[PDB]
Amino acid sequence: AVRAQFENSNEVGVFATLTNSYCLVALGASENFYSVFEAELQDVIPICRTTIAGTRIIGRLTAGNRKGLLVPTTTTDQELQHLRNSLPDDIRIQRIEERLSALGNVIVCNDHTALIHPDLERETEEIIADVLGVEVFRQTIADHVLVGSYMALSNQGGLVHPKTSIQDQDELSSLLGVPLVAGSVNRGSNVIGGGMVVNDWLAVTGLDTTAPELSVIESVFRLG
């Protein structure tokens with residue numbers, strides 16, 4: 001696992017989206033952000049440097065997996081055309097209306113399953129399942145409804161808010177079919193989905209993440 005920082009913020013998951021088939025990175029200063037992803041991913045999967053709705057908040061505004069990418073209704077035609085040009089031709093890229101919070105705060109997904117905020121509209125849940133090609137469950141994490149902020153998930157493992165009970169960890173693990181643990185990033189932050197991104201072979205965490213936290217990440221995501 002590696003470390004990165006975007007314009008002085010260690011909240012890597014707010015400014016990037018990483019899947020098993022592509023990576024999105026906020027437009028901005030290359031140093032210790034795009035460069036980190038490129039050093040690990042060069043050739044392997046494409047990296048798209050993008051804005052979303054004209055902003056740099058591109059991880060928090062999107063949700064995606066290796067099959068599909070959900071973006072807000074305010075994503076521009078420029079941005080959609082650029083995403084489509086950079087990403088594999090079989091990715092389904094869809095604008096979606098979702099008013100509870102930012103998209104990336106209300107969904108956490110891998111290539112098989114998504115957990116969502118329990119109050120999303122039924123139509124929203126249908127579009128998520130269709131575009132991402134996943135089974136969907138309404139869930140909370142450590143009593144939080146903004147599940148995308150509080151979990152990071154791949155097909156290999158997941159990391160949840162450090163206060164998640166062991167009973168809830170076991171329930172979520174069994175539902176997802178992957179090992180889970182509770183832990184922190186960025187030197188004790190519980191905003192796991194904000195602080196890191198992950199796919200089946202790479203994790204990128206904020207710069208303050210400590211050695212024990214990186215060790216937990218490497219183990220549960222099967223990165224070593």
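In what follows, residues are counted from 1 in the order of the sequence shown. All heavy atoms count here, side chains included; hydrogens, waters and symmetry mates do not.
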Tell me, do [X] and [Y] make a side-chain contact under 4.5 Å, heavy atoms counted?
| X | Y | answer |
| --- | --- | --- |
| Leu87 | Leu24 | yes |
| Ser9 | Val14 | no |
| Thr75 | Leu61 | no |
| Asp130 | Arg92 | yes |
| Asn199 | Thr19 | no |
| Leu172 | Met151 | no |

Measuring from [X]:[atom1] to [Y]:[atom2], what's the distance to the nearest 0.5 Å?
| X | Y | atom1 | atom2 | answer |
| --- | --- | --- | --- | --- |
| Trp201 | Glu40 | CH2 | CD | 11.5 Å |
| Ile45 | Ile47 | CD1 | CD1 | 7.0 Å |
| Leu180 | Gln169 | CG | CD | 7.0 Å |
| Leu80 | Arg95 | CG | CZ | 4.5 Å |

For [X], does the [atom1] atom sit with more than 12 other heavy atoms under 6.0 Å from it, leaving out its own atoms?
| X | atom1 | value |
| --- | --- | --- |
| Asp170 | CG | yes |
| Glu7 | CD | yes |
| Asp90 | CG | yes |
| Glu218 | CD | yes |
| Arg138 | CZ | yes |

State whether the side chain of [X] and the backbone N or O of [Y] hold a donor-acceptor pair below 3.5 Å, judged by distance alone.
| X | Y | value |
| --- | --- | --- |
| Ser35 | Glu31 | no |
| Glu79 | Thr50 | no |
| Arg84 | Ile93 | yes |
| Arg3 | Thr209 | yes |
| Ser173 | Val178 | yes |
| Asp168 | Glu171 | no |

Among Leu27, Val71, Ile52, the one residue meeting side-chain contact (heavy atoms from CB on, under 4.5 Å) with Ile58
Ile52

Intermediate values then yes/no, side chain to side chain contact (heavy atoms under 4.5 Å, CB included), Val181 and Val160
CA-CA 6 Å; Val181 293; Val160 295; over 6 Å; no

Applying the 4.5 Å side-chain criterion to the ILVMFWY set and letting contacts propagate, would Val134 and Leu120 be lumped into a single cluster?
yes

Cut-off 3.5 Å, no hydrogens considered: what does the side-chain donor-acceptor table look like for residues 182-195, sequence neighbours left out?
from	atom 1	to	atom 2	distance (Å)
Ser184	OG	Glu213	OE2	2.6
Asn186	ND2	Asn10	O	3.0
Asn186	ND2	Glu11	OE2	3.1
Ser189	OG	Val191	N	3.3
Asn190	ND2	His161	NE2	3.4

Identify each donor-acceptor pair in which a side-chain atom of residues 98-116 lies under 3.5 Å from a protein atom, sequence neighbours left out, and give them as a table.
from	atom 1	to	atom 2	distance (Å)
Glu98	OE1	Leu103	N	3.4
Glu98	OE2	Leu100	N	2.8
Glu98	OE2	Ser101	N	3.2
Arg99	NE	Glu97	OE2	2.7
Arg99	NH2	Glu97	OE2	2.7
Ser101	OG	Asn105	ND2	3.0
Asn105	OD1	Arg60	NE	2.9
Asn105	OD1	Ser149	OG	3.3
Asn110	OD1	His112	N	2.8
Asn110	OD1	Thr113	N	2.9
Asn110	ND2	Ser154	O	3.0
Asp111	OD1	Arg66	N	2.9
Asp111	OD2	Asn20	ND2	2.8
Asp111	OD2	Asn155	ND2	2.9
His112	ND1	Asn155	OD1	3.2

Are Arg56 and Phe6 in a cation-pi setup, meaning NZ or CZ lies under 6.0 angstrom from the ring centre and within 45 degrees of the ring axis?
no

Quick check: closest heavy atoms across [X] and [Y], and the distance to 0.1 Å?
| X | Y | value |
| --- | --- | --- |
| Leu132 | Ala63 | CD2-O, 4.2 Å |
| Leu41 | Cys23 | CD1-CB, 3.8 Å |
| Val12 | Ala4 | CG2-O, 3.7 Å |
| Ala1 | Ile217 | CB-CG2, 4.3 Å |

